[PDB]
Amino acid sequence: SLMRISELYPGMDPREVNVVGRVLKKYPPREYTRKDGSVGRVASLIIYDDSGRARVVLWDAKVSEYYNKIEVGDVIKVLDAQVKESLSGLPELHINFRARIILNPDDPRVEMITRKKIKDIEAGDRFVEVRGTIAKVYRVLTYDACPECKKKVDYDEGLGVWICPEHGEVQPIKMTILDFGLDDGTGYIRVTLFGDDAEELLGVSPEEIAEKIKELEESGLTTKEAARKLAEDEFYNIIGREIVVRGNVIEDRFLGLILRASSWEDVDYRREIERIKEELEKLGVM
Amino acid sequence: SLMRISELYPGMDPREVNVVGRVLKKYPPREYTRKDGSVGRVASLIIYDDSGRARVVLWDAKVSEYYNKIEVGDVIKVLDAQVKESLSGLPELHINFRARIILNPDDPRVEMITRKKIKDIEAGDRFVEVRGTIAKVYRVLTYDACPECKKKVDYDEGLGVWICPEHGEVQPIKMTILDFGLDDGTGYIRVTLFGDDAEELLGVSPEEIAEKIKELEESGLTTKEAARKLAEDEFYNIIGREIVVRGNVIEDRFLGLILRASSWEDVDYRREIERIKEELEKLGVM
Amino acid sequence: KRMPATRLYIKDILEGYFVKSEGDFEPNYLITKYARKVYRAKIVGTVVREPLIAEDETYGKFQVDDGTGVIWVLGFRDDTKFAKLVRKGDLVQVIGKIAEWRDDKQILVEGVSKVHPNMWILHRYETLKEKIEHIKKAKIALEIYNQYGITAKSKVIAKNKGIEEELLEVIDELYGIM
Amino acid sequence: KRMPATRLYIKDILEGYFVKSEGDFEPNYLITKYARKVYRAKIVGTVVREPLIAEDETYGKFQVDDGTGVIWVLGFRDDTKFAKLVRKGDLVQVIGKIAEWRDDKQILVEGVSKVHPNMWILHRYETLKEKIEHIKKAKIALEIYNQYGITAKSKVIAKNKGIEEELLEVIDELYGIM
Amino acid sequence: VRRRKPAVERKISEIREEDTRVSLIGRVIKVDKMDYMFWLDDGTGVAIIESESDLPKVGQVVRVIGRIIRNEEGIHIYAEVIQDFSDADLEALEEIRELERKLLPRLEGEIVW
Amino acid sequence: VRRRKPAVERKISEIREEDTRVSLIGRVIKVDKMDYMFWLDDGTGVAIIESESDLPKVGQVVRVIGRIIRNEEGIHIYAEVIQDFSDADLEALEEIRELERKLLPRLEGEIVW
DNA sequence: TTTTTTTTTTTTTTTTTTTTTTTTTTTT
Ligand SMILES: [Zn+2]
Ligand SMILES: [Zn+2]
């Protein structure tokens, strides 16, 4: 079939339903109550093809039959499913007794859908784990963010409300930004932490940081100047600390490689010593 | 003595052997080769009393001493002979240095001269073939056995050696014991398999079973407790399997009928279907 | 004693009349439509769905289809191990105690193992043979019951015709149920 | 660019040859006895004395001992804050620029923080691993330098054996110093 | 309460309109590894079996339990269970199918309470 | 110019006569809160540690850096630094001490200019 | 031909802010 997800519509003939999609998301299986009082199972996934996305809902025995067999990145082919309108007005694929799923199908539409040393890191690197020393603190600041998309919100003086360009009138949350450098003995890389991860490393609340930023701005400093000053004056104590950062490396058009850290954690010393023992064995020490 | 030929059994005390018989057959004397390379003589006769027949084997000087003195129709009395099992499973009287024969004795005895359903099985049944389902697993264990008689060997801590009561200092072999139940639709019977037959059915080496028994015993279980536990925890997979067992039925004074299986084999489905077709023809189906 | 596991069609188990013994030690049994008293069942079918193991490992179950019916097979506590053995699509032979839950008959797994396709054929042949044997014996026993009932005279007549005394009691019990 | 901080024993820093860059913007560096060019140092030791803060807060300093040597760590002006962080007895990790004052090598503090005793163990393991790695590479590079010197042919041979071109220049510079 | 309908044993040529779940036994003659479909020949006909994950080999004797799919392209079987029937005595199976066909209705009709 | 002598890492049983400042790692077995002294056991011996101000707890694993005091009463350590080594992997520390003992003299001796 | 001995049974389940990287020298 040439059918695409964009062509699905609620109530279309299940006999016409023939789409493929790569799995983007898998949600946990849930229980639901039937009209007769019994309890069934239901599980949802999000798939996408070259045209759009669809929620795929596995019902009852279809959960046991397929749910554990499917993983993110896999492609599935869906046949004979009922199409329903989602709560947002979009088509969803319901996998009931009649429906079938083919895991990693042979279909022409399919083609159309780690510890690394800093010296080896490249631009665009994904899922990189780097263990090193905090060497520099560039900036510490907090901004008002949307609680859903975490993007910067704008204060409207005419209406007295906070406006998110994606979600409209929202209640803002304080988001912490920590920019620092990390050294592993073979290289140096810039690192950025956000919100809860940054607050955990800094050991200071975002509301307290906002108050200190306000005091600096009142003195005649801009937001840029106040952020650099607070990092040097109050958060210099964090320098010299050995940590493990995990994230993706983006290349700034002048700042160079910046590691956007998704998480940070304390060094597992026994794990690190075992890595060193492996290297020593390779050198003919042990 | 009142002893009859029907009462002889292999390995009975030669001092108890006292039978009379009329000579039915005399075979020619033969030569045989001794372990030392020399050549001896041996001659056989068939005798019978009011109870049954026995082969009488005259060895070496007993041939010269008695063979020509005996004739068909004469009665002989046999004393102090060794009793052996013939090639057909029947008692034979061996007339060696110790044994004696009295020609035409003065004795009061002289004037007097398979496939079975479990529901049909009796105590003491021999060569019974039963096809059924493995229904229960009682015990799985291994013991140190003598490589000759296959009996349990004792470890002597004073000498550091393994002692067989029949063969003395021996090198022990691990013997597997499998106790289970078998059901044929008309009855239920307990079954016991030994060594190679049991290992073949279990699909695990006796050395591996010994290791698992040791782990269970170390935890505070006795040999009896560990054997029942290993059967339930690891060998429960064997239950539900259809097999053909052949053996003799012994009656335990509390456990009931136990089928000591000499061998086990996979079901020949075409042979079984032919048996069923015979039964259907008897019912007026075909 | 330990009575036999009767080889039957799943349909015969499903259409039967389960009998709960009031005693805490008495075994439960089923009486089929052809007056067959069954304590244990022996069936051969295909596992139609991937097994169901409760997250808390308190129970494990799997479904068996033989062509004449579909039945659930259950193992509780550590007996959940039986359900873990099988997988969707396996052709298996099951032995166990008949149970009734929510007025639906089921099999409390005693043993489950994969079988060769010729075993399924052998099972069908045996099931039919036993069924014919039983029906003909029960037909003669029913005539004895309708003429004399459960008397000392009818028990002697039943033994002479190759019928077990227990068969007349099963007929009487089935008449009481119906 | 920003070059790496090399993990070393204090002894290796102390016994090294400090090189003052003549340019007002060029970074100073040290060449160890094993021909290792070091721009920044990363050491793990114990603060042996209560820090020294000048009354006028122009400088702050503290002493670090790692078992192989004892070195001073200095912070000037507002950088005096680094010395105020530590106390006598703290087990710390220090990163900074190597400096030479009164012909004695020292560390110009860039960062100092308290570490877990297992970090001191990890530091010793890493320091030894890196040292062996470097010595073996420098031994092969020294043979290349003694046979060919700094030529286009020797640079190709060095790349083939996993040796950086910079290493041959360090050997030549060290020979010039000695 | 839609209880699982047992698989009705049929030959490819004897499939009925009212049949929703069937059991077929045959030999694989063609396997399409891209559309996950295979051609099963039992001696009485050829059925197109659409499989979700298990694809047999060409020339393999298999037993298929599946739901019947009736569309404009024809009647295809969406395979639920595919079993290896390579060593199965189909001669014996055919003989027991005929015995059940003849004797089962007579046995049920013998009940005169 | 009496430059500070680095603390020489030793075991209690391996302390030498020429040693003036040492680093010992052990478990506290007794604390005298009046004479400010404590008993340190490393597995190889017991040393009497005289402390000026910091007294550890009984059963605490500690690292002591101190000057050796040799008098008529014996050899006691005047503690300079006492660190909490309670979560320290002494097995790993022992292994690195042996690696340094074997490899450090060989690395220095490889220099053939 | 073998080890060691007490047979079986009921019931339990649902992706972000905002953007110009690094560097020397100063010490009671
Ligand atoms: Zn938003
Ligand atoms: Zn023996």
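- Method of determination, as annotated in the archive: cryo-EM, at 8.24 Å resolution.

1. Section: the overall build of chain C
Right, so step 1: Each helix and strand counted, chain C has five helices and 10 strands in total.
Right, so step 2: Reported as C-alpha extents along the three principal axes, the dimensions of chain C are approximately 60 × 40 × 30 Å.
Right, so step 3: Within chain C, the proportion of its 178 residues that are buried is 59%.
Right, so step 4: Put simply, 60% of the contacts in chain C that link residues at least 6 apart link residues at least 24 apart.
Right, so step 5: For chain C, the exposed area adds up to about 8100 Å²; of that, 50% sits on carbon and sulfur atoms.

2. Remarks on the interface of chain C and chain E
Right, so step 1: Facing the 35 residues of chain C at the interface are 34 residues of chain E.
Right, so step 2: Across the chain C to chain E interface the summed buried area is about 2800 Å²; carbon plus sulfur atoms make up 60%.
Right, so step 3: On the surface where chain C and chain E come into contact, there are five salt bridges.
Right, so step 4: A salt bridge links E:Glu108 to C:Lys11, with the nearest nitrogen and oxygen atoms 3.1 Å apart.
Right, so step 5: The interface formed by chain C and chain E includes 14 residue pairs in polar contact.

3. Regarding the UniProt feature "domain: OB" (unreviewed entry) in chain C
Right, so step 1: The feature "domain: OB" (unreviewed entry), as given by UniProt, occupies residues 43-113 of chain C in the numbering adopted here.
Right, so step 2: Across residues 43-113 of chain C one finds 7% helix and 59% strand; the C-alpha atoms that close the span lie 11 Å apart.

4. Structural notes on the interface of chain F and chain D
Right, so step 1: Listed per partner, the contact involves 33 residues of chain F and 35 residues of chain D.
Right, so step 2: For the chain F and chain D pair, buried surface summed over both sides reaches about 2700 Å², with 60% attributable to carbon and sulfur atoms.
Right, so step 3: The largest per-residue losses of area from chain F upon contact with chain D belong to F:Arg4, F:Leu107 and F:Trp113, which jointly make up 27% of the total buried on that side.
Right, so step 4: Applying the counting rule to chain F against chain D returns four salt bridges.
Right, so step 5: Applying the counting rule to chain F against chain D returns 13 residue pairs in polar contact.
Right, so step 6: The biggest single contributor to the side of chain F that touches chain D is helix α1 (residues 90-108) of chain F, with 11 residues.
Right, so step 7: Here the side of chain F that touches chain D is composed, by residue class, of 17 nonpolar, one polar and 15 charged.

5. Focus: the coordination of the zinc ion (ligand 1)
Residues and elements named next belong to chain A.
Right, so step 1: Ligation of the zinc ion (ligand 1) by protein atoms is provided by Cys146 (SG), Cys149 (SG), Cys164 (SG) and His167 (ND1), these donors lying 2.1 to 2.3 Å from the ion.
Right, so step 2: The coordination sphere of the zinc ion (ligand 1) comprises four donor atoms, whose angles at the metal cover 105 to 117°; the geometry is tetrahedral.
Right, so step 3: Along the chain, the residues that donate to the zinc ion (ligand 1) are spaced as C-x2-C-x14-C-x2-H.
Right, so step 4: Residue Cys164 is classed as buried on the basis of its relative accessible area of 1%.

6. Some remarks on the side chain of C:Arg40
Right, so step 1: In this structure, C:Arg40 sits in strand β5 (residues 40-47).
Right, so step 2: Exposure remark for C:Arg40: the relative accessible area of 12% places this residue in the buried category.

7. A closer look at unusual backbone geometry
Right, so step 1: The backbone of B:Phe127 shows a phi angle near 45°, a positive value even though the residue is not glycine.
Right, so step 2: Within the secondary structure, B:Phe127 is located in the loop between β8 (100-103) and β9 (128-145).
Right, so step 3: Classification of B:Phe127 by relative accessible area gives exposed; the value is 58%.
Right, so step 4: Positive phi outside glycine occurs at D:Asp103, with the angle close to 55°.
Right, so step 5: The residue D:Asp103 is located in the loop between β9 (91-101) and β10 (104-114) in this model.

8. Considerations on the sheet that holds strand β11 (residues 161-164) of chain B
All names here are of chain B.
Right, so step 1: Overall, antiparallel pairing links the three strands, which are arranged β10-β11-β12 in an open sheet. Across the chains shown, the open sheet's two edge strands, defined by having one partner strand only, are β10 (154-156) and β12 (168-169).
Right, so step 2: Judged from the two bridges that link them, β11 and β12 form a sheet pairing that is antiparallel. The residue of β12 that forms the bridge with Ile163 is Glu169.

9. Describing the coordination of the zinc ion (ligand 2)
Residues and elements named next belong to chain B.
Right, so step 1: Every protein donor of the zinc ion (ligand 2) is listed here as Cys146 (SG), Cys149 (SG), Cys164 (SG) and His167 (ND1), and their distances to the metal cover 2.1 to 2.3 Å.
Right, so step 2: Considering all four donor atoms around the zinc ion (ligand 2), angles at the metal cover 105 to 117° and the coordination shape is tetrahedral.
Right, so step 3: Between consecutive donors of the zinc ion (ligand 2), the numbers of intervening residues give the motif C-x2-C-x14-C-x2-H. In this pair, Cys146 sits in the loop between β9 and β10 while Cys164 sits in strand β11, placing the two residues 18 residues apart along the sequence.
Right, so step 4: The exposure class assigned to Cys146 is buried, which follows from its relative accessible area of 0%.

10. Some remarks on a positive patch on the surface
Right, so step 1: Among the surface-exposed residues, D:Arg49, F:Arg2, F:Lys5 and F:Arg67 lie close enough to one another that they form a single positively charged patch.
Right, so step 2: Relative to the helices and strands, D:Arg49 is located in the loop between β5 (40-47) and β6 (52-53).
Right, so step 3: On the accessibility criterion, D:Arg49 (35% relative accessible area) is partly exposed.

11. Some remarks on the pattern of salt bridges
Right, so step 1: Applying the stated rule across the entire model yields 111 salt bridges over all chains.
Right, so step 2: Taking the shortest distance from any N to any O, the salt bridge between A:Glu242 and D:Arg7 comes out at 3.8 Å. Of the two residues, A:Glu242 sits in strand β15 (residues 242-252) while D:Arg7 sits in strand β1 (residues 5-7), which places them in two different chains. For the pair A:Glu242 and D:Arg7, a shared accessibility class is recorded, and that class is buried.
Right, so step 3: Overlapping salt bridges, with partners in common, bring together A:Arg115, A:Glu129, A:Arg246, A:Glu265, A:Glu272 and A:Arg275 in one network.

12. A short note on the pairing of strand β15 (residues 242-252) of chain B
Residue and element names in this part refer to chain B.
Right, so step 1: Both β9 and β15 contribute to a ladder of six bridges, which runs antiparallel. Residue pairing across strands places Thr133 opposite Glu242, the latter belonging to β15.
Right, so step 2: Summarising the sheet, β15 and strand β16 (residues 256-266) pair through 10 bridges and their orientation is antiparallel. Counterpart to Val245 in the pairing with β16 is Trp264.

13. Some words on the protein's contact with DNA strand G
Right, so step 1: In the vicinity of DNA strand G lie 63 residues, with A:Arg139, A:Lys152, B:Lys152, C:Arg40 and D:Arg40 positioned nearest.
Right, so step 2: Sugar and phosphate atoms form 52% of the subset of DNA strand G atoms that lie within 4 Å of the protein.
Right, so step 3: Within the backbone of D:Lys1, an N or O atom sits 3.4 Å from a base oxygen of DNA strand G.
Right, so step 4: D:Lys97 is positioned such that a nitrogen or oxygen atom in its side chain is 2.5 Å from a sugar or linking oxygen of DNA strand G.
Right, so step 5: Among the residues forming the surface near DNA strand G, the class breakdown is 25 nonpolar, four polar and 34 charged.

14. Concerning the packing of helix α3 (residues 206-218) of chain A against helix α4 (residues 223-233) of chain A
All names here are of chain A.
Right, so step 1: Direction vectors running N to C along α3 and α4 enclose 120°, while the axes themselves pass 9 Å from each other. The angle between α3 and α4 falls in the class oblique. Considering the relative orientation of α3 and α4, their crossing is right-handed. Residues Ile209, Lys212, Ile213, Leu216 and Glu217 of α3 form the contact with α4, whose own contacting residues are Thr223, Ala226, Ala227, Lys229 and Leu230.
Right, so step 2: When grouped by side-chain class, the residues that make up the contact of α3 with α4 number six nonpolar, one polar and three charged.

15. With respect to the environment of D:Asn28
Residues and elements named next belong to chain D.
Right, so step 1: Relative to the helices and strands, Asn28 resides in the loop between β2 (17-19) and β3 (29-31).
Right, so step 2: We classify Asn28 as partly exposed; its relative accessible area is 26%.
Right, so step 3: It is 7.6 Å that separates the C-alpha atoms of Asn28 and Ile98, two residues lying 70 residues apart in sequence.
Right, so step 4: Discounting residues that sit within four places of it in the chain, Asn28 has contacts with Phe18, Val19, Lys20, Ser21 and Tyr39.
Right, so step 5: Among the polar contacts listed, one links the side chain of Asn28 to the backbone nitrogen of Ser21, at a separation of 2.9 Å.

Basis of the calculations
- Each chain carries its own residue count, running from 1 in the order of its written sequence; this scheme can depart from the entry numbering, and residues that have no coordinates do not appear.
- To label them, take the chains in the order written and letter them from A, then take the ligands in the order written and number them from 1.
- For the side-chain quantities, the full set of heavy atoms in the structure was used; hydrogens and water were omitted.
- Under the scheme used here, helices are H or I runs from DSSP no shorter than 4 residues and strands are E runs no shorter than 2 residues, and both carry numbers assigned from the N terminus.
- Partly exposed describes any residue whose relative accessible area lies between the buried limit of under 20% and the exposed limit of over 50%, with all areas from a 1.4 Å probe on protein chains only and scaled to the type maximum.
- Between two residues, a contact is recorded if the distance between any of their heavy atoms is within 4.5 Å.
- Here the accessible surface of atoms and residues is derived via Shrake-Rupley with a 1.4 Å probe, and residues count as covered only by protein chains that are part of the display.
- Buried area adds together the accessible area that both of two parts lose upon being put together, with accessible area traced by a 1.4 Å probe.
- Here, a salt bridge means any side-chain nitrogen of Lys or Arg that lies within 4 Å of a carboxyl oxygen of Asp or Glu.
- In protein, a polar contact means a hydrogen-donor-capable atom and an acceptor-capable atom, both N or O and within 3.5 Å, with residues adjacent in sequence counting only if both atoms are side-chain atoms; elsewhere, any N or O pair within 3.5 Å suffices.
- UniProt positions are given in the numbering used here, feature names are shortened, and annotations may be inferred rather than shown by experiment.
- Ten residues, namely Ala, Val, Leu, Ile, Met, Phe, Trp, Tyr, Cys and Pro, are considered nonpolar, four, namely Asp, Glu, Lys and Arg, are considered charged, and the remaining ones, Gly among them, are considered polar.
- Coordinating donors are taken to be N, O and S atoms lying within 2.8 Å of the metal, or within 3.2 Å when the metal is Na, K or Ca; because water is excluded from the atom set, some sites may appear incomplete.
- Labels for metal geometry use angle windows, namely 85 to 135 degrees for all angles of a four-donor tetrahedral site, and for square planar (four donors) or octahedral (six donors) sites opposite donors over 155 degrees apart plus all others within 65 to 115; sites meeting none of these are irregular.
- Pairing between two strands is assigned when DSSP locates at least 2 bridges connecting them.
- Patch members must show over 30% relative accessible area and no salt bridge, and they are joined within 9 Å when carrying like charges or within 5 Å when they are nonpolar side chains of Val, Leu, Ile, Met, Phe, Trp or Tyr.
- In summary, the charge assignment counts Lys and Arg as positive and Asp and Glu as negative, without counting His or the chain termini.
- One atom stands in for each charge, and that atom is NZ of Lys, CZ of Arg, CG of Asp or CD of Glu.
- Only a single heavy atom is needed: when it lies within 4 Å of a molecule or strand, its residue is near that molecule or strand.
- For every element, the axis is a line fit to its C-alpha atoms; helices are fit only across the contacting stretch, and the angle between N-to-C directions ranges from 0 to 180 degrees.
- Geometric relationships in this document are graded by angle, where less than 35 degrees denotes roughly parallel, more than 145 denotes roughly antiparallel, 65 to 115 denotes roughly perpendicular, and other angles denote oblique.
- Crossing handedness follows the turn of the near helix against the far one: under a right angle anticlockwise gives a left-handed crossing, and clockwise gives a right-handed one.

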